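Down below is the structure, laid out as structure tokens.
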Amino acid sequence: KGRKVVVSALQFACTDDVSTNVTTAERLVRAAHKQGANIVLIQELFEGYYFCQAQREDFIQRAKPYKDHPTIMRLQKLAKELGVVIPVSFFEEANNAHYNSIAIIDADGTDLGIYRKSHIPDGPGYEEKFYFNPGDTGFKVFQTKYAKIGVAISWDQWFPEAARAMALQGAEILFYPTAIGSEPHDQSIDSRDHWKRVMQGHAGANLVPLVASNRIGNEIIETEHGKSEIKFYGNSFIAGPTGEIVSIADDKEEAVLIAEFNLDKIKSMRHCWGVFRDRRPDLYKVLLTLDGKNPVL
Amino acid sequence: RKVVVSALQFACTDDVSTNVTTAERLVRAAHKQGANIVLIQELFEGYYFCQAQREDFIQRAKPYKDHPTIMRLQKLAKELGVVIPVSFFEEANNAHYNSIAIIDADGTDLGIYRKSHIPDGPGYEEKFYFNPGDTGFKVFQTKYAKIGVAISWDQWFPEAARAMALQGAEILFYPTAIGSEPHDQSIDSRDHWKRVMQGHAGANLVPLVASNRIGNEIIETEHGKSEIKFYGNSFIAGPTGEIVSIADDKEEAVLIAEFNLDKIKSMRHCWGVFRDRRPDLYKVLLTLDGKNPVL
Amino acid sequence: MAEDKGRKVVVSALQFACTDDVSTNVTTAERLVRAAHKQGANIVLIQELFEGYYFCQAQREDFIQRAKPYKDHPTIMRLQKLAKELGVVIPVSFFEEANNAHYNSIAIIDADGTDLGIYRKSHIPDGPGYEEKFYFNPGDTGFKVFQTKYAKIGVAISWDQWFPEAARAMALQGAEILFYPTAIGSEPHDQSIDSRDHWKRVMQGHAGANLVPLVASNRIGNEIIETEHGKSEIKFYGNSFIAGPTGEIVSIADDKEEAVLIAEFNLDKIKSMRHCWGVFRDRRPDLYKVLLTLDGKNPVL
Amino acid sequence: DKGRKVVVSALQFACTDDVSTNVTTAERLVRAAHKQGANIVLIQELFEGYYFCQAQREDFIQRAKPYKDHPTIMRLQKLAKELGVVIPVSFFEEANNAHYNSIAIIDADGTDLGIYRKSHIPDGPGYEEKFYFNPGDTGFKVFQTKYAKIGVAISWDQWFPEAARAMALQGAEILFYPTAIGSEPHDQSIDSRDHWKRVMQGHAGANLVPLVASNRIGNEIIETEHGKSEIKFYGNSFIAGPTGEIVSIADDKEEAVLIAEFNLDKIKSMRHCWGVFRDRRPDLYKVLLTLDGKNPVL
Amino acid sequence: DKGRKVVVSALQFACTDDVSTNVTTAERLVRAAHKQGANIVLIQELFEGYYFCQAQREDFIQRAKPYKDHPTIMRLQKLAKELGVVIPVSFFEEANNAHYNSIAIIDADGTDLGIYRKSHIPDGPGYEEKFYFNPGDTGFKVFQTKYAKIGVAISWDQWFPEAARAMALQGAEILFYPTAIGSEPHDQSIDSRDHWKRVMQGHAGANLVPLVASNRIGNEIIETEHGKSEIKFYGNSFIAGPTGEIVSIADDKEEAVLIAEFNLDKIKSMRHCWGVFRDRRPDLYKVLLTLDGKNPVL
Amino acid sequence: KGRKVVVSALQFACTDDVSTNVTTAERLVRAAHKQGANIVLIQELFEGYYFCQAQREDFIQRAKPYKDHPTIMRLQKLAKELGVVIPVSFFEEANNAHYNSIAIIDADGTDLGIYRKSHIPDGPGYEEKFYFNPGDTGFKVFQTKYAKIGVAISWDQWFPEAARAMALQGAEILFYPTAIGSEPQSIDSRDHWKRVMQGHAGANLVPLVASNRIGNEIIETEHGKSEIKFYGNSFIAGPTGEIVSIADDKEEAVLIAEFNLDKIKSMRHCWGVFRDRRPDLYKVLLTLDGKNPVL
């Protein structure tokens with residue numbers, strides 16, 4: 001007994017044609033709905049290739065306004081038809097600012113708003129800093145028809161501060177659409193296990209379930225210095241509130257993952273365990289420094 | 001400028017609605033006897049559940065926002081034109097507090113105070129339920145007066161009373177739940193309890209109101225039945241610490257004292273202990289250990 | 001072989017001499033607007049307070065009564081007709097009366113003749129020859145951008161052009177081209193003041209820092225005003241110009257000729273350039289609070 | 001011709017990737033400037049080595065060093081004290097797990113007056129600075145030296161009017177920008193030098209303060225994670241006056257010591273008389289605290 | 001009967017072009033007020049020298065001095081302490097590149113309680129203040145002194161009912177307005193002295209608070225950028241009671257020390273009984289945040 | 001040289017009989033017209049004795065709706081006959097609410113609209129809330145055939161904010177019908193009242209017209225007897241606050257003053273107060289307690 005919610009993580013390969021990719025997302029959202037899902041999660045920047053392997057002027061113009069975005073609009077229809085909640089990842093132009101953003105569509109089709117990615121990565125393969133202003137929404141939670149949820153994006157998932165921020169604001173489930181794989185400058189880097197552990201940690205430290213949707217496939221992008229290739233490693237997963245993996249995909253298969261949580265029992269478990277009662281914000285001022293002594297402006 | 005004040009003392013069942021009907025009936029009698037500011041005992045919506053450390057009892061908490069009981073006591077505050085502090089178990093996202101809402105005589109919600117000092121030990125496992133309050137000590141401006149409302153265990157700390165009096169409190173109020181201790185029948189805290197509070201009234205030159213529960217309460221704890229007998233002794237003390245109205249340890253009681261607040265403000269200003277205070281010498285009060293200031 | 005892709009807009013700066021008669025000056029303005037349209041212009045900029053002499057050399061009671069309400073203004077209404085006839089955008093500078101307030105204002109007329117709204121001059125100059133603070137309330141619209149048929153444009157007024165804050169404010173709100181109708185020249189109290197190079201450099205700086213084109217239209221001619229302390233003369237120095245998004249001057253007039261300046265910009269290539277250069281991606285508004293002080297310490301209320 | 005006068009200097013030189021050679025080169029030119037009467041001497045950005053930011057390399061991040069007991073700073077404090085000259089010292093700071101592109105301001109008596117950490121970090125081929133440096137968290141600073149109150153920022157900071165205005169509002173009398181800019185390895189058609197000068201000249205004119213920019217010269221090849229990358233730094237170090245006029249300029253390949261004298265009392269009077277600071281409208285500038293023109297940053 | 005009584009004073013004198021002379025003139029009149037029992041003494045605006053604002057001159061701007069370590073404030077703090085009198089000190093403030101017409105409130109123990117910066121800045125022939133002063137950014141303020149909470153604004157501020165109301169709303173028990181007003185050089189038919197008094201008497205009566213105004217006397221000739229300009233300052237310094245009645249007033253040509261006692265507890269009590277403050281309708285006053293009757297300012 | 005307007009303040013004693021007073025008002029409006037008035041101001045609540053402080057339920061039915069008001073309709077006929085603007089004070093019934101109001105009749109007889117008294121004295125001495133709800137029209141200006149005018153009522157008189165609000169919206173002349181007097185006591189507020197009003201005129205640089213009744217009135221009340229001697233002193237002030245016409249405290253008056261509205265406008269603008277206002281610093285005026293904004 002108690003409010004139960006079924007969540008789903010999707011895992012698929014992308015071409016660089018928007019309509020192909022949106023057709024793919026739709027097919028899988030429906031497949032998840034067919035299995036009982038209430039909230040379905042689509043991987044980061046799914047409208048195309050993960051173009052950030054390059055640092056190209058013409059690629060910055062892939063961005064589009066949040067207002068009347070044709071991909072958000074199309075998925076609001078799906079949300080409404082199906083009765084599911086669908087976070088929609090997109091590359092946002094906002095006058096001369098640009099952001100890696102996500103709009104949260106409620107189960108009645110209502111656009112509840114956006115979150116703009118806060119932590120922006122950088123390095124060979126993942127030159128995001130060239131493309132995105134660091135996010136200025138701050139961490140947010142959204143009241144949906146089924147639950148209060150915290151949605152952040154890809155690299156944000158490495159930061160315990162983001163997960164905690166969402167949980168302090170009542171997030172009952174955390175969601176992280178992701179694009180991660182090999183790194184083109186060094187074939188010995190394999191980050192998949194490290195990536196999962198860090199996320200399981202957030203789930204267990206906040207006692208909320210957590211959903212992560214990652215890309216698969218090889219993608220080859222022309223950069224300023226020639227071809228660059230990433231193999232994306234999937235491993236989409238759902239973790240429960242002690243950080244146990246309840247569902248996980250491999251590194252190559254298209255996948256639809258499903259899991260049910262009793263949000264009232266978990267709330268009760270979260271409070272009982274005591275961590276939120278026991279936090280010491282009085283001693284946490286150092287977290288507002290970068291360097292361990294100087295608080296930022 | 002002549003405010004009337006009341007302490008109430010009553011027995012609780014473990015049913016929300018019965019207890020609110022009982023606060024409602026004792027508040028109506030307070031107001032009948034001329035009261036302007038009626039004080040209800042701590043966590044009076046049910047049994048004092050802090051004898052147990054139970055997962056399910058934490059879920060007794062509710063949001064401050066659109067709280068069914070606060071809302072009901074607002075309509076009454078408003079009809080009678082009396083001020084009414086309302087103890088409640090606050091849920092605030094994942095934080096939980098022992099909290100009080102000050103309802104002014106127009107039914108207005110003037111804000112909350114969150115219990116700062118949290119007791120612990122057999123019979124009173126409050127640190128299992130409550131985040132130490134983060135509101136700080138507060139005074140509230142009501143139709144009738146600036147009042148200093150804190151909760152139960154706070155009544156042991158001279159710092160809390162002094163802080164409220166430094167921010168203009170003309171009266172101090174303390175809703176309470178104290179009685180026997182289940183591990184040791186030899187512990188009788190009633191006299192000691194009254195004396196520390198009489199101390200706060202005398203040192204600040206402010207009258208003081210303490211409302212405490214009566215009756216026996218057996219709780220099903222994680223380790224079996226636990227019983228506390230709440231010893232009442234609800235009391236209204238004057239500005240020099242004198243007890244001017246006192247209840248017993250057993251019977252239901254509606255207490256009443258009138259204070260001339262402008263005359264008390266004159267004794268206080270004229271005695272002059274606020275101007276004689278040496279804050280330059282009180283840094284040690286910001287330590288716990290007598291030497292290290294807390295971050 | 002095909003044209004290079006994108007929205008092209010042709011902008012124009014006009015430069016001319018005014019008498020103290022409104023009908024003569026509006027006639028001069030129609031003649032040059034039309035000559036600008038003939039050479040392909042889409043957006044045409046008439047200099048500041050063109051309806052008359054730059055009367056701000058004097059501080060006079062009767063000159064404050066030259067102001068007129070924004071509603072049903074005969075000059076705006078006439079230029080609205082012209083805008084619609086030719087299909088050009090025409091920002092119209094005028095001295096506004098608004099109950100007991102007064103402002104140096106500008107109404108943006110779109111190419112269908114629609115009055116898109118006004119901007120009220122925010123920064124008001126002072127000193128011999130330019131006693132504007134005596135006439136105008138500091139503007140209260142704040143910095144604005146206007147969606148015209150051809151472009152989102154930022155229009156501010158004269159002295160506003162010395163303030164990088166204004167150009168940035170418009171650029172952050174999506175302005176694709178900046179416009180500054182101007183009245184500047186010599187200074188009656190000190191003939192060694194020659195500000196024309198200083199003036200260009202500052203504005204070239206806005207264009208380059210925001211990676212947007214910029215149009216400045218300034219008056220020519222000598223004008224003598226009767227002041228409370230005798231006649232006072234300014235020689236207006238022209239030098240109207242149009243600068244590109246690196247601040248390069250693409251067209252410029254001299255200090256005495258009547259002129260129609262013309263330049264074409266590809267707003268889509270410029271947008272792409274402005275974004276690649278990266279300054280807007282790199283700005284630090286978390287560090288810019290001191291800009292809301294006057295004295296470098298105290299934030300204004 | 002009365003008033004407080006100060007002589008400033010822009011240096012311009014080629015770097016190797018050996019610290020001791022570069023510091024010896026800086027000393028030599030600092031002393032040549034002093035010989036020509038300079039009071040404050042500006043050395044170009046990250047002069048201790050090649051401009052290593054063409055690459056994104058794990059190992060290059062470990063070039064950083066603590067502000068505390070930094071050997072290059074300490075050596076130049078000796079020189080500053082010896083000749084009685086103010087010397088801002090650009091370096092790559094390590095501060096626990098944070099890293100910054102920083103500058104320490106040495107006063108004419110040798111005293112370390114503190115640091116400014118670069119606020120605006122560039123990115124893109126040839127200039128991959130965002131990979132190395134936390135965006136700065138000191139905020140825009142002004143330093144009181146023996147000769148003047150000065151405002152010092154760093155390189156890419158020079159493209160932002162906000163930084164120049166912030167320093168002038170706090171009483172900066174002269175602006176300094178140590179720089180490293182040239183060609184761009186992915187597009188040989190980009191030639192930013194005139195654009196760069198124009199933007200800086202605009203700051204000087206809009207704040208009515210002189211401005212000094214010191215830029216690197218020479219070709220540098222870096223071994224990057226994807227092969228060699230070459231930039232040709234274009235010098236064009238200069239000194240501008242308070243209306244934006246260039247009073248002294250270097251060309252694009254010569255080593256140079258540039259020198260100008262400024263009367264800070266006359267300039268202060270001109271700045272105040274022109275009126276811009278009297279006429280600013282901070283009540284209308286709130287949009288500057290956004291990125292997107294609508295939403296104030298947190 | 002009983003209650004806090006307070007004796008206030010308006011001072012009136014002519015200024016020379018020597019700062020120390022003028023401060024000594026102030027010092028001499030403050031002691032004469034003190035001797036007649038004054039607790040709070042008001043000195044006229046910009047009393048350190050001639051009213052220089054008839055001119056719009058570059059060099060006149062550099063007359064400004066910082067608030068910090070101001071030699072006139074320091075000198076007067078010693079007097080306040082010596083005599084136990086509160087003394088507001090008008091001065092021309094330099095604050096980096098901003099400049100204001102300001103006033104420092106000195107408490108009866110010599111403590112500098114802070115400053116208020118002139119909000120409303122006048123303009124026109126003879127009174128070209130807008131050329132010299134940024135409009136004030138402190139907002140209206142009230143200061144707690146040993147004798148009373150007082151509201152001090154400056155000169156032109158006194159024509160604005162909004163300022164007087166803002167002060168009384170924040171607890172001012174007495175309003176103070178140091179002033180420099182006389183004839184106008186371009187129109188000798190302008191005699192604003194009756195109008196000026198009426199407007200202030202109106203503030204007193206609307207707010208049920210007493211009011212003190214101190215104005216300059218004497219002919220001053222200033223060399224302007226366009227020849228000599230002369231103002232004849234008209235004195236008429238006065239003290240008004242809480243209904244606007246004038247209880248003490250100086251003439252238009254002589255030095256004056258004016259003295260009045262107010263029972264602040266009786267007046268407070270009279271004010272709460274009248275009840276205007278409880279009867280205000282701020283829900284209907286939004287139009288006051290427009291300039292034009294329609295558009296709220298940002 | 002410019003638009004000239006002639007304004008008049010009328011002053012008379014009231015009987016407690018409606019037709020008598022309205023016949024009196026007509027007599028004096030005509031007399032004003034004969035001396036050239038274009039805009040004529042009748043004192044507050046002229047249809048009868050000033051009842052507002054007796055707390056009598058039976059005086060409540062003296063209120064009448066704004067719509068088809070017989071006194072307003074009759075004065076429209078007169079306005080149109082003579083070509084004069086006439087603001088008409090009356091006691092308005094509007095449903096549950098009641099207001100102290102005034103309708104602005106233009107020189108062609110057109111009812112231009114209504115203003116409702118905003119500031120309503122509550123507390124000791126002042127029991128008006130018994131009759132009037134606080135006004136909800138806000139401060140208004142009406143464009144008449146002769147001028148843009150602003151009008152407010154009795155107690156509004158004390159509030160500089162009301163005068164400023166009208167001037168900011170283009171009022172060129174301010175009108176204040178009032179009723180003020182005292183007990184035959186020692187308080188005589190006539191000079192305080194004049195000075196506050198001259199203040200509004202001088203601060204906004206607009207002429208100001210005030211009409212106040214005269215005579216003694218006796219009302220039988222709940223406590224028992226009320227007597228007031230109204231003190232007249234109706235006046236007309238110029239845009240620098242100078243009194244240009246004034247009546248005494250005992251006789252009927254027809255005051256007349258001509259103003260050149262173009263010269264006054266020019267003078268208002270050259271003086272510069274409206275150019276110099278600082279609304280960015282006036283937010284505190286939207287509080288009651290000088291700290292917290294109201295809704």
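All residue names refer to the structure tokens as shown: chains lettered A, B, ... in order, residues numbered from 1 in each chain, ligands numbered from 1 in order.
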
Near residue E:75, counting only C-alpha atoms, which residues have an atom at most 12 Å away, once you skip same-chain residues fewer than 5 positions from it, shown as a ChimeraX atom specification?
/E:19-20,23-24,26-27,69-70,80-82,87,89,106,110,112

Residues near residue F:224, cut-off 12 Å, only C-alpha atoms, skip fewer than 5 positions along chain, as a PDB file with C-alpha atoms, in the first residue's frame:
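The resulting file, out-v9.pdb, is shown below:
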ATOM      1  CA  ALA F  54     -22.708  60.620  16.049  1.00  0.00           C
ATOM      2  CA  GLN F  55     -22.953  56.896  15.767  1.00  0.00           C
ATOM      3  CA  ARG F  56     -26.582  56.659  14.613  1.00  0.00           C
ATOM      4  CA  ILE F 218     -26.006  70.177  17.591  1.00  0.00           C
ATOM      5  CA  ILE F 219     -26.706  66.456  17.120  1.00  0.00           C
TER       6      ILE F 219
END

Which of stretch 81-231 of chain F counts as alpha helix (DSSP H) under DSSP, as a ChimeraX atom specification please?
/F:81-82,160-168,190-204

Generate a file of the selected residues that holds C-alpha atoms, formatted as a CSV table (one decimal), in the first residue's frame.
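Writing the result to part-v3.csv gives the following:
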chain,number,residue,atom,x,y,z
F,81,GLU,CA,-27.5,76.1,-17.6
F,82,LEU,CA,-24.6,78.3,-16.5
F,160,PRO,CA,0.6,65.0,0.8
F,161,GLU,CA,0.5,61.7,-1.0
F,162,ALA,CA,-3.0,62.4,-2.3
F,163,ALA,CA,-2.0,65.9,-3.7
F,164,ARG,CA,1.1,64.4,-5.3
F,165,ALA,CA,-0.8,61.6,-6.8
F,166,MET,CA,-3.2,64.0,-8.5
F,167,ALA,CA,-0.5,66.3,-9.8
F,168,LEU,CA,1.6,63.4,-11.2
F,190,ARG,CA,-7.5,76.2,11.4
F,191,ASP,CA,-3.9,77.3,11.1
F,192,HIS,CA,-2.5,73.8,11.0
F,193,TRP,CA,-5.0,72.9,8.4
F,194,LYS,CA,-4.2,76.0,6.2
F,195,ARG,CA,-0.5,75.4,6.4
F,196,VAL,CA,-0.7,71.8,5.3
F,197,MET,CA,-2.8,72.7,2.4
F,198,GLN,CA,-0.6,75.6,1.4
F,199,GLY,CA,2.2,73.0,1.5
F,200,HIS,CA,0.5,70.8,-1.1
F,201,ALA,CA,0.0,73.8,-3.4
F,202,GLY,CA,3.5,75.0,-3.1
F,203,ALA,CA,5.1,71.5,-3.5
F,204,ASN,CA,3.1,70.6,-6.6

May I have the residues of chain D within 6 Å of chain C, counting only C-alpha atoms, written as a PyMOL selection string?
chain D and resi 120+139+169-170+195+198-199+202+205-206+243+279+282+284+289+293

Just write the chosen residues, N, CA and C atoms, as a PDB file, in the first residue's frame.
ATOM      1  N   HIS D 120      37.372  35.543 -16.865  1.00  0.00           N
ATOM      2  CA  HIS D 120      36.824  35.094 -18.109  1.00  0.00           C
ATOM      3  C   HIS D 120      37.841  34.165 -18.773  1.00  0.00           C
ATOM      4  N   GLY D 139      37.159  38.058  -8.087  1.00  0.00           N
ATOM      5  CA  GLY D 139      36.446  39.242  -8.507  1.00  0.00           C
ATOM      6  C   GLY D 139      37.452  40.257  -9.023  1.00  0.00           C
ATOM      7  N   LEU D 169      35.551  51.764 -11.415  1.00  0.00           N
ATOM      8  CA  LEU D 169      34.584  52.161 -10.388  1.00  0.00           C
ATOM      9  C   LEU D 169      35.203  52.100  -9.032  1.00  0.00           C
ATOM     10  N   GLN D 170      36.204  51.229  -8.894  1.00  0.00           N
ATOM     11  CA  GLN D 170      36.895  51.048  -7.617  1.00  0.00           C
ATOM     12  C   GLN D 170      38.143  51.922  -7.577  1.00  0.00           C
ATOM     13  N   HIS D 195      40.772  44.096 -34.177  1.00  0.00           N
ATOM     14  CA  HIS D 195      39.586  43.931 -33.352  1.00  0.00           C
ATOM     15  C   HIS D 195      39.961  44.041 -31.882  1.00  0.00           C
ATOM     16  N   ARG D 198      40.901  47.675 -31.006  1.00  0.00           N
ATOM     17  CA  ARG D 198      39.704  48.487 -30.915  1.00  0.00           C
ATOM     18  C   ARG D 198      38.898  48.270 -29.653  1.00  0.00           C
ATOM     19  N   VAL D 199      38.795  47.023 -29.219  1.00  0.00           N
ATOM     20  CA  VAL D 199      37.982  46.788 -28.024  1.00  0.00           C
ATOM     21  C   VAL D 199      38.662  47.414 -26.796  1.00  0.00           C
ATOM     22  N   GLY D 202      38.471  51.037 -26.591  1.00  0.00           N
ATOM     23  CA  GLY D 202      37.167  51.451 -26.155  1.00  0.00           C
ATOM     24  C   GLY D 202      37.031  51.557 -24.647  1.00  0.00           C
ATOM     25  N   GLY D 205      38.746  54.736 -23.432  1.00  0.00           N
ATOM     26  CA  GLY D 205      37.984  55.910 -23.704  1.00  0.00           C
ATOM     27  C   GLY D 205      36.745  56.007 -22.854  1.00  0.00           C
ATOM     28  N   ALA D 206      36.147  54.885 -22.534  1.00  0.00           N
ATOM     29  CA  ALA D 206      34.881  54.912 -21.820  1.00  0.00           C
ATOM     30  C   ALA D 206      35.055  55.130 -20.321  1.00  0.00           C
ATOM     31  N   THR D 243      41.690  58.858 -23.767  1.00  0.00           N
ATOM     32  CA  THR D 243      40.612  58.952 -24.784  1.00  0.00           C
ATOM     33  C   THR D 243      40.699  57.783 -25.779  1.00  0.00           C
ATOM     34  N   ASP D 279      26.985  60.270 -14.509  1.00  0.00           N
ATOM     35  CA  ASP D 279      25.761  60.066 -15.277  1.00  0.00           C
ATOM     36  C   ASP D 279      25.315  58.576 -15.409  1.00  0.00           C
ATOM     37  N   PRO D 282      23.052  52.746 -12.682  1.00  0.00           N
ATOM     38  CA  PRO D 282      23.053  51.387 -12.149  1.00  0.00           C
ATOM     39  C   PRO D 282      21.649  50.826 -11.937  1.00  0.00           C
ATOM     40  N   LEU D 284      19.382  50.787 -13.938  1.00  0.00           N
ATOM     41  CA  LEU D 284      18.911  50.249 -15.204  1.00  0.00           C
ATOM     42  C   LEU D 284      19.863  49.169 -15.697  1.00  0.00           C
ATOM     43  N   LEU D 289      23.367  41.382 -15.117  1.00  0.00           N
ATOM     44  CA  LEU D 289      23.572  40.290 -14.195  1.00  0.00           C
ATOM     45  C   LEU D 289      22.894  39.048 -14.693  1.00  0.00           C
ATOM     46  N   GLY D 293      19.796  37.679 -21.065  1.00  0.00           N
ATOM     47  CA  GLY D 293      18.986  38.887 -21.234  1.00  0.00           C
ATOM     48  C   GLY D 293      17.695  38.975 -20.454  1.00  0.00           C
TER      49      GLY D 293
END

If you run DSSP on this backbone, which residues of stretch 48-269 of chain C come out as strand (DSSP E), and could you give them as a PyMOL selection string?
chain C and resi 90-98+101-109+115-120+145-147+152-155+177-182+214-218+220-227+230-237+241-243+249-252+259-266

Just need the residues of chain A within 7 Å of chain D, counting only C-alpha atoms, so spit them out as a ChimeraX atom specification.
/A:55,94-97,122-123,129-130,136,138,185,224,290-291,296-297

I'd like the neighbourhood of stretch 202-213 of chain B as a ChimeraX atom specification, where a residue qualifies if any of its atoms comes within 6 Å (using only C-alpha atoms), though same-chain residues fewer than 3 positions away should be ignored.
/B:7-10,41,171-177,199,230,232,234-241,268

C-alpha atoms of the current selection, written as an mmCIF file, in the first residue's frame:
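Written out: again-v4.cif:
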data_model
loop_
_atom_site.group_PDB
_atom_site.id
_atom_site.type_symbol
_atom_site.label_atom_id
_atom_site.label_comp_id
_atom_site.auth_asym_id
_atom_site.auth_seq_id
_atom_site.Cartn_x
_atom_site.Cartn_y
_atom_site.Cartn_z
ATOM 1 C CA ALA B 7 -1.898 28.634 30.988
ATOM 2 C CA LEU B 8 -3.952 25.500 30.292
ATOM 3 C CA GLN B 9 -3.361 21.987 31.614
ATOM 4 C CA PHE B 10 -5.137 18.925 30.290
ATOM 5 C CA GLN B 41 0.672 22.519 26.020
ATOM 6 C CA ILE B 171 6.115 38.133 28.036
ATOM 7 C CA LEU B 172 7.633 34.706 27.721
ATOM 8 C CA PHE B 173 5.596 31.600 26.920
ATOM 9 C CA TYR B 174 6.689 27.908 27.217
ATOM 10 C CA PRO B 175 4.427 25.047 26.191
ATOM 11 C CA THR B 176 5.669 21.924 27.896
ATOM 12 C CA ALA B 177 5.457 18.132 28.293
ATOM 13 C CA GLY B 199 15.095 32.296 37.617
ATOM 14 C CA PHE B 230 2.805 14.039 33.411
ATOM 15 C CA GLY B 232 1.079 19.330 35.513
ATOM 16 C CA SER B 234 1.256 24.724 34.865
ATOM 17 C CA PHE B 235 2.082 28.146 36.331
ATOM 18 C CA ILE B 236 2.133 31.837 35.622
ATOM 19 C CA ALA B 237 5.071 33.650 37.234
ATOM 20 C CA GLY B 238 5.454 37.451 37.628
ATOM 21 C CA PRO B 239 8.395 39.751 36.692
ATOM 22 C CA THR B 240 10.379 39.015 39.904
ATOM 23 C CA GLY B 241 9.875 35.248 39.542
ATOM 24 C CA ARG B 268 12.764 46.806 33.984
#

Considering only C-alpha atoms, extract the chain D residues located within 6 Å of chain E and return them as a PyMOL selection string.
chain D and resi 171+273+277-278

Residues of chain B no more than 12 Å from chain A, counting only C-alpha atoms: send them over as a list in words.
residues 53, 54, 55, 56, 57, 58, 59, 60, 61, 91, 92, 93, 94, 95, 96, 97, 126, 127, 128, 129, 130, 131, 132, 133, 134, 294 and 295 of chain B

9 Å contact set for residue A:7, only C-alpha atoms, chain neighbours under 6 positions out, as a VMD selection string:
chain A and resid 32 36 to 41 211 238 257 to 261

I need the chain C residues near chain F as JSON, numbers by chain; criterion: at most 8 Å, counting only C-alpha atoms.
{"C": [60, 61, 62, 64, 65, 99, 100, 101, 102, 135, 136, 137, 301]}

Excluding residue C:79 and any residue of its chain fewer than 5 positions from it, enumerate the residues within 9 Å of it, using only C-alpha atoms, and give them as a compact mmCIF listing (two decimals) with N, CA, C and O atoms, in the first residue's frame.
# COMPACT_ATOMS: atom_id res chain seq x y z
N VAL C 26 11.75 68.50 -41.04
CA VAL C 26 11.08 67.28 -41.35
C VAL C 26 11.14 67.13 -42.86
O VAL C 26 11.35 66.04 -43.35
N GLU C 30 12.64 63.84 -44.70
CA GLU C 30 11.96 63.08 -45.78
C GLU C 30 12.86 63.00 -47.02
O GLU C 30 12.96 61.96 -47.65
N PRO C 74 2.75 65.17 -34.20
CA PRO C 74 2.63 65.38 -35.66
C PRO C 74 3.85 64.91 -36.40
O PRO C 74 3.73 64.46 -37.51
N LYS C 84 5.63 53.56 -43.98
CA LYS C 84 4.76 52.63 -44.60
C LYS C 84 4.86 52.76 -46.12
O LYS C 84 4.77 51.75 -46.85
N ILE C 90 12.05 53.52 -39.29
CA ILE C 90 12.49 54.89 -39.00
C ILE C 90 12.32 55.22 -37.53
O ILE C 90 11.20 55.49 -37.09
N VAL C 92 12.29 57.70 -34.58
CA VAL C 92 12.03 59.12 -34.59
C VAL C 92 12.29 59.78 -33.26
O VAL C 92 11.49 59.63 -32.34
N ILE C 109 9.48 53.28 -35.49
CA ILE C 109 8.43 53.02 -36.48
C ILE C 109 8.88 51.89 -37.39
O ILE C 109 9.98 51.93 -37.91
N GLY C 113 4.69 50.85 -40.92
CA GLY C 113 4.17 52.05 -40.30
C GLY C 113 3.73 51.95 -38.83
O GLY C 113 3.31 52.94 -38.25

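One finds atom CA of residue A:124 at 23.3 Å from atom CA of residue C:272.
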
What lies within 8 Å of residue B:155 using only C-alpha atoms, ignoring chain neighbours under 3 positions off, as a VMD selection string?
chain B and resid 150 to 152 158 160 to 161 174 196 to 197
